[PDB]
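Asks: Below you'll find model37.cif; it's mmCIF, N, CA and C atoms; chains and numbers go by the auth columns.
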data_protein
#
loop_
_atom_site.group_PDB
_atom_site.id
_atom_site.type_symbol
_atom_site.label_atom_id
_atom_site.label_comp_id
_atom_site.label_asym_id
_atom_site.label_seq_id
_atom_site.Cartn_x
_atom_site.Cartn_y
_atom_site.Cartn_z
_atom_site.B_iso_or_equiv
_atom_site.auth_seq_id
_atom_site.auth_asym_id
ATOM 1 N N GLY A 1 116.185 79.129 37.788 0.00 1 A
ATOM 2 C CA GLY A 1 115.130 79.308 38.795 0.00 1 A
ATOM 3 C C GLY A 1 115.304 78.363 39.955 0.00 1 A
ATOM 4 N N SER A 2 115.180 78.892 41.168 0.00 2 A
ATOM 5 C CA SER A 2 115.343 78.107 42.386 0.00 2 A
ATOM 6 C C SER A 2 114.280 77.009 42.480 0.00 2 A
ATOM 7 N N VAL A 3 113.175 77.205 41.763 0.00 3 A
ATOM 8 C CA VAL A 3 112.102 76.226 41.720 0.00 3 A
ATOM 9 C C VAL A 3 112.625 74.826 41.351 0.00 3 A
ATOM 10 N N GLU A 4 113.504 74.760 40.327 0.00 4 A
ATOM 11 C CA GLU A 4 114.108 73.498 39.884 0.00 4 A
ATOM 12 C C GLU A 4 113.035 72.428 39.623 0.00 4 A
ATOM 13 N N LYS A 5 112.038 72.761 38.785 0.00 5 A
ATOM 14 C CA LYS A 5 110.961 71.828 38.461 0.00 5 A
ATOM 15 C C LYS A 5 111.514 70.527 37.907 0.00 5 A
ATOM 16 N N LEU A 6 112.081 70.604 36.726 0.00 6 A
ATOM 17 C CA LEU A 6 112.652 69.439 36.078 0.00 6 A
ATOM 18 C C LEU A 6 114.042 69.745 35.551 0.00 6 A
ATOM 19 N N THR A 7 114.515 70.935 35.852 0.00 7 A
ATOM 20 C CA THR A 7 115.788 71.403 35.365 0.00 7 A
ATOM 21 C C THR A 7 116.881 71.317 36.431 0.00 7 A
ATOM 22 N N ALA A 8 116.738 70.377 37.370 0.00 8 A
ATOM 23 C CA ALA A 8 117.762 70.179 38.407 0.00 8 A
ATOM 24 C C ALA A 8 119.118 69.898 37.766 0.00 8 A
ATOM 25 N N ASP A 9 119.095 69.155 36.665 0.00 9 A
ATOM 26 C CA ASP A 9 120.306 68.829 35.903 0.00 9 A
ATOM 27 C C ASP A 9 120.939 70.101 35.340 0.00 9 A
ATOM 28 N N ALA A 10 120.090 71.046 35.004 0.00 10 A
ATOM 29 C CA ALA A 10 120.525 72.329 34.456 0.00 10 A
ATOM 30 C C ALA A 10 121.091 73.199 35.551 0.00 10 A
ATOM 31 N N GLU A 11 120.533 73.065 36.747 0.00 11 A
ATOM 32 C CA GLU A 11 121.038 73.786 37.914 0.00 11 A
ATOM 33 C C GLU A 11 122.462 73.310 38.196 0.00 11 A
ATOM 34 N N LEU A 12 122.694 72.022 37.949 0.00 12 A
ATOM 35 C CA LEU A 12 124.013 71.410 38.128 0.00 12 A
ATOM 36 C C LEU A 12 125.038 72.091 37.225 0.00 12 A
ATOM 37 N N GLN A 13 124.740 72.139 35.924 0.00 13 A
ATOM 38 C CA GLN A 13 125.639 72.789 34.972 0.00 13 A
ATOM 39 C C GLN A 13 125.723 74.284 35.223 0.00 13 A
ATOM 40 N N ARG A 14 124.715 74.827 35.891 0.00 14 A
ATOM 41 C CA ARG A 14 124.711 76.246 36.250 0.00 14 A
ATOM 42 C C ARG A 14 125.774 76.506 37.311 0.00 14 A
ATOM 43 N N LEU A 15 125.964 75.527 38.184 0.00 15 A
ATOM 44 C CA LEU A 15 126.997 75.601 39.202 0.00 15 A
ATOM 45 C C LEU A 15 128.340 75.374 38.542 0.00 15 A
ATOM 46 N N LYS A 16 128.317 74.556 37.493 0.00 16 A
ATOM 47 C CA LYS A 16 129.507 74.288 36.674 0.00 16 A
ATOM 48 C C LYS A 16 130.091 75.582 36.116 0.00 16 A
ATOM 49 N N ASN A 17 129.227 76.503 35.691 0.00 17 A
ATOM 50 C CA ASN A 17 129.705 77.767 35.165 0.00 17 A
ATOM 51 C C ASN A 17 129.874 78.768 36.296 0.00 17 A
ATOM 52 N N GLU A 18 130.735 78.404 37.239 0.00 18 A
ATOM 53 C CA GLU A 18 131.032 79.212 38.416 0.00 18 A
ATOM 54 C C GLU A 18 131.564 80.585 38.013 0.00 18 A
ATOM 55 N N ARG A 19 132.111 80.649 36.821 0.00 19 A
ATOM 56 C CA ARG A 19 132.626 81.887 36.250 0.00 19 A
ATOM 57 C C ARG A 19 131.472 82.817 35.828 0.00 19 A
ATOM 58 N N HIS A 20 130.238 82.379 36.073 0.00 20 A
ATOM 59 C CA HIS A 20 129.056 83.128 35.642 0.00 20 A
ATOM 60 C C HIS A 20 127.796 82.662 36.416 0.00 20 A
ATOM 61 N N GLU A 21 127.998 82.057 37.585 0.00 21 A
ATOM 62 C CA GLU A 21 126.886 81.501 38.361 0.00 21 A
ATOM 63 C C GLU A 21 126.050 82.598 39.014 0.00 21 A
ATOM 64 N N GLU A 22 126.720 83.567 39.627 0.00 22 A
ATOM 65 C CA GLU A 22 126.042 84.648 40.351 0.00 22 A
ATOM 66 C C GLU A 22 125.220 85.524 39.411 0.00 22 A
ATOM 67 N N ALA A 23 125.555 85.480 38.137 0.00 23 A
ATOM 68 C CA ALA A 23 124.877 86.310 37.160 0.00 23 A
ATOM 69 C C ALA A 23 123.600 85.649 36.690 0.00 23 A
ATOM 70 N N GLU A 24 123.693 84.373 36.348 0.00 24 A
ATOM 71 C CA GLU A 24 122.533 83.637 35.855 0.00 24 A
ATOM 72 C C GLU A 24 121.525 83.412 36.977 0.00 24 A
ATOM 73 N N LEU A 25 122.022 82.972 38.128 0.00 25 A
ATOM 74 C CA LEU A 25 121.172 82.684 39.276 0.00 25 A
ATOM 75 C C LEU A 25 120.373 83.912 39.707 0.00 25 A
ATOM 76 N N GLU A 26 121.068 85.028 39.935 0.00 26 A
ATOM 77 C CA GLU A 26 120.423 86.256 40.390 0.00 26 A
ATOM 78 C C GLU A 26 119.341 86.713 39.410 0.00 26 A
ATOM 79 N N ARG A 27 119.632 86.610 38.118 0.00 27 A
ATOM 80 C CA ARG A 27 118.662 86.984 37.088 0.00 27 A
ATOM 81 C C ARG A 27 117.400 86.150 37.211 0.00 27 A
ATOM 82 N N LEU A 28 117.584 84.839 37.281 0.00 28 A
ATOM 83 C CA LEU A 28 116.475 83.885 37.338 0.00 28 A
ATOM 84 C C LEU A 28 115.590 84.099 38.556 0.00 28 A
ATOM 85 N N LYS A 29 116.173 84.601 39.623 0.00 29 A
ATOM 86 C CA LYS A 29 115.419 84.880 40.833 0.00 29 A
ATOM 87 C C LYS A 29 114.339 85.932 40.578 0.00 29 A
ATOM 88 N N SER A 30 114.696 86.990 39.869 0.00 30 A
ATOM 89 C CA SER A 30 113.740 88.050 39.561 0.00 30 A
ATOM 90 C C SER A 30 112.964 87.750 38.272 0.00 30 A
ATOM 91 N N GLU A 31 113.647 87.196 37.284 0.00 31 A
ATOM 92 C CA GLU A 31 113.030 86.915 35.998 0.00 31 A
ATOM 93 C C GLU A 31 112.135 85.677 36.048 0.00 31 A
ATOM 94 N N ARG A 32 111.135 85.674 35.167 0.00 32 A
ATOM 95 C CA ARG A 32 110.146 84.588 35.031 0.00 32 A
ATOM 96 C C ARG A 32 110.738 83.183 35.178 0.00 32 A
ATOM 97 N N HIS A 33 109.910 82.265 35.666 0.00 33 A
ATOM 98 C CA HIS A 33 110.312 80.873 35.863 0.00 33 A
ATOM 99 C C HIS A 33 110.616 80.201 34.529 0.00 33 A
ATOM 100 N N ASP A 34 109.898 80.613 33.489 0.00 34 A
ATOM 101 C CA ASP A 34 110.092 80.059 32.138 0.00 34 A
ATOM 102 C C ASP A 34 111.472 80.397 31.611 0.00 34 A
ATOM 103 N N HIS A 35 112.030 81.480 32.125 0.00 35 A
ATOM 104 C CA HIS A 35 113.353 81.948 31.719 0.00 35 A
ATOM 105 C C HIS A 35 114.441 80.932 32.100 0.00 35 A
ATOM 106 N N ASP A 36 114.148 80.100 33.098 0.00 36 A
ATOM 107 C CA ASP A 36 115.101 79.062 33.547 0.00 36 A
ATOM 108 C C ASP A 36 115.422 78.102 32.410 0.00 36 A
ATOM 109 N N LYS A 37 114.401 77.780 31.627 0.00 37 A
ATOM 110 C CA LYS A 37 114.536 76.875 30.495 0.00 37 A
ATOM 111 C C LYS A 37 115.457 77.478 29.430 0.00 37 A
ATOM 112 N N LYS A 38 115.353 78.784 29.236 0.00 38 A
ATOM 113 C CA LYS A 38 116.162 79.459 28.225 0.00 38 A
ATOM 114 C C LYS A 38 117.612 79.534 28.667 0.00 38 A
ATOM 115 N N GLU A 39 117.824 79.838 29.940 0.00 39 A
ATOM 116 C CA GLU A 39 119.177 79.921 30.479 0.00 39 A
ATOM 117 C C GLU A 39 119.850 78.557 30.472 0.00 39 A
ATOM 118 N N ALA A 40 119.045 77.508 30.425 0.00 40 A
ATOM 119 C CA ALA A 40 119.577 76.158 30.319 0.00 40 A
ATOM 120 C C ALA A 40 120.278 76.002 28.981 0.00 40 A
ATOM 121 N N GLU A 41 119.647 76.519 27.935 0.00 41 A
ATOM 122 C CA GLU A 41 120.224 76.472 26.600 0.00 41 A
ATOM 123 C C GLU A 41 121.306 77.541 26.427 0.00 41 A
ATOM 124 N N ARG A 42 121.123 78.696 27.078 0.00 42 A
ATOM 125 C CA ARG A 42 122.098 79.801 26.974 0.00 42 A
ATOM 126 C C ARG A 42 123.491 79.338 27.384 0.00 42 A
ATOM 127 N N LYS A 43 123.593 78.683 28.541 0.00 43 A
ATOM 128 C CA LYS A 43 124.888 78.218 29.015 0.00 43 A
ATOM 129 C C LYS A 43 125.359 77.013 28.221 0.00 43 A
ATOM 130 N N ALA A 44 124.431 76.342 27.559 0.00 44 A
ATOM 131 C CA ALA A 44 124.774 75.188 26.733 0.00 44 A
ATOM 132 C C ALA A 44 125.599 75.629 25.536 0.00 44 A
ATOM 133 N N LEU A 45 125.212 76.756 24.957 0.00 45 A
ATOM 134 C CA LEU A 45 125.906 77.313 23.799 0.00 45 A
ATOM 135 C C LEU A 45 127.067 78.193 24.255 0.00 45 A
ATOM 136 N N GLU A 46 127.037 78.558 25.516 0.00 46 A
ATOM 137 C CA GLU A 46 128.054 79.422 26.109 0.00 46 A
ATOM 138 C C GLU A 46 129.250 78.593 26.571 0.00 46 A
ATOM 139 N N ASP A 47 128.981 77.642 27.450 0.00 47 A
ATOM 140 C CA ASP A 47 130.021 76.763 27.996 0.00 47 A
ATOM 141 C C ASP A 47 130.606 75.853 26.922 0.00 47 A
ATOM 142 N N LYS A 48 129.746 75.256 26.129 0.00 48 A
ATOM 143 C CA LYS A 48 130.182 74.324 25.104 0.00 48 A
ATOM 144 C C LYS A 48 129.519 74.682 23.767 0.00 48 A
ATOM 145 N N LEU A 49 129.728 73.860 22.723 0.00 49 A
ATOM 146 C CA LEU A 49 129.050 74.075 21.465 0.00 49 A
ATOM 147 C C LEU A 49 127.543 74.007 21.675 0.00 49 A
ATOM 148 N N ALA A 50 127.079 72.921 22.299 0.00 50 A
ATOM 149 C CA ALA A 50 125.668 72.765 22.621 0.00 50 A
ATOM 150 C C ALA A 50 125.436 71.592 23.566 0.00 50 A
ATOM 151 N N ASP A 51 124.323 71.642 24.280 0.00 51 A
ATOM 152 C CA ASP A 51 123.903 70.551 25.153 0.00 51 A
ATOM 153 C C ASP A 51 122.586 70.012 24.661 0.00 51 A
ATOM 154 N N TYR A 52 122.652 68.970 23.870 0.00 52 A
ATOM 155 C CA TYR A 52 121.464 68.378 23.311 0.00 52 A
ATOM 156 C C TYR A 52 121.306 66.963 23.831 0.00 52 A
#
Starting from the file, give its structure as structure tokens.
Replies:
Amino acid sequence: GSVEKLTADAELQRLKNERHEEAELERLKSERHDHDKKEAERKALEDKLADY
């Protein structure tokens, strides 16, 4: 989500996944703001084992 409430760090890793940035970003624009939190974990398990 462009809002970037407290997930600015997640937006960073979202740019990190340039191989999938346009997909996650575009979705979050239309999809609920709460969905940003889920996509934070989605790419965590996607890019790496996990981001904890």
Asks: Run DSSP on the backbone of this structure and report the residues of chain A it assigns to helix (DSSP H, G or I), as a VMD selection string.
Replies: chain A and resid 8 to 16 18 to 30 35 to 47
Asks: Hey, can you check how far atom C of residue A:33 sits from atom CA of residue A:10?
Replies: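 Result for atom C of residue A:33 versus atom CA of residue A:10: 12.7 Å, one decimal.
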Asks: Which value, in Å to one decimal, gives the distance between atom CA of residue A:18 and atom N of residue A:4?
Replies: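 Computing the Euclidean distance for atom CA of residue A:18 and atom N of residue A:4 yields 18.2 Å.
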Asks: Name the residues in contact with stretch 6-9 of chain A at a cut-off of 8 Å, using all atoms listed in the file, excluding same-chain residues fewer than 5 positions from it; report them as an NGL selection string.
Replies: :A and (1 or 14-15 or 36-37 or 40)
Asks: Give me, as an MDAnalysis selection string, all polymer residues having an atom no more than 12 Å from residue A:23, counting only C-alpha atoms and skipping those fewer than 6 positions away in the same chain.
Replies: chainID A and resid 14:15 17 29:31 39 43
Asks: Can you tell me how far atom CA of residue A:32 sits from atom CA of residue A:2, in Å to one decimal?
Replies: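 Separation between atom CA of residue A:32 and atom CA of residue A:2: 11.1 Å.
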Asks: Which residue, A:12, A:3, A:22, A:46, has the smallest gap to residue A:34 when you use only C-alpha atoms?
Replies: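 The closest residue to residue A:34 is A:3.
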Asks: Please determine an axis-aligned box that encloses all atoms of stretch 31-44 of chain A listed in the file, with 8 Å added on each side, and express its centre and edge lengths in Å to one decimal as JSON.
Replies:
{"center_x": 117.7, "center_y": 81.2, "center_z": 31.4, "size_x": 31.7, "size_y": 28.0, "size_z": 27.7}
